[PDB]
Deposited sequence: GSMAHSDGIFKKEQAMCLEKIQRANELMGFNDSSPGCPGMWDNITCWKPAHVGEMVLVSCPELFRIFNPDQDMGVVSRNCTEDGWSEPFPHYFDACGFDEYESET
């Protein structure tokens, strides 16, 4: 698996639609593309798409961030706790 290159393609793919959408800014955390958001709303994402292939039989992973006055919050849970093993 050439994960670093797939992530990078996705990072360019990410900046492409952040600009279309634009509260918290659209952002790329180096794992996930976060569609920009209003203060007070919560965005869920799933584990990176690579894992659909790496561990096919596991698909319950969710990661959340809140958009606050102080910008995006930390991931919850952390990517290690929600997408690692």
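Against the full deposited sequence, the model leaves out several stretches, namely 1-3, 26-35, 99-105.
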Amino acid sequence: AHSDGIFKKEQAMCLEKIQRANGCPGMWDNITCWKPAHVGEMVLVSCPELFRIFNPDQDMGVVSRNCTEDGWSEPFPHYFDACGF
From here on, numbers count along this sequence of modelled residues.
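As recorded in the PDB entry, 13-21 is the stretch of 68-76 and 13-21 with the greater mean C-alpha temperature factor. Residue-level temperature factors show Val39 in the highest third of its chain, judged at the C-alpha atom.
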